[PDB]
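Taking the form deposited in one PDB entry, here's one chain by itself in structure tokens.
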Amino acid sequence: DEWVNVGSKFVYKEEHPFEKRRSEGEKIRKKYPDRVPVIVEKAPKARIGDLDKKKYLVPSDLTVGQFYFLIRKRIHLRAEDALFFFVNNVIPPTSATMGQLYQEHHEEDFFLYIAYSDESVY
């Protein structure tokens, strides 16, 4: 708005060229206007478990707090340990919805990229 968002390197972005990512992201957003296409990767330096899958298609009214719980169970992070999301190297508010987060932070390929970590700074 009206900025193009550029974030850190993701292995997804390295392995799928921009033109293919943008074609797919434009299609999924047209097909599902109220679902958010999210790429989730572990930050390189994080000392917690990896995810099986990295592509999530979620509700735009899902809260970030709800998405935290989802990722946490999927990496089997013990409840006592902290988990943090970074989008464009910023920690989003836990009260935001995935829809608001997408609107603010999506990249030019129409995807939203989230790195997760056990550290609260990066």
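Here, rigid core means the biggest group of C-alpha atoms that superpose within 1.5 Å across both forms. One rule holds for the numbers: they count along the sequence shown, beginning at 1. Residues that one form lacks are left out of the comparison.
Not on display, but discussed next: the form deposited with a partner chain bound.
By the criterion of a heavy atom within 4.5 Å, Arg35 is counted among the residues contacting its partner chain in the entry with it bound.
Although the partner is absent here, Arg74 sits close enough that one of its heavy atoms falls within 4.5 Å of its partner chain in the entry with it bound. After superposing on the rigid core, the one stretch of 3 or more consecutive residues whose C-alphas move by 2 Å or more between this form and the one not shown is 30-33.
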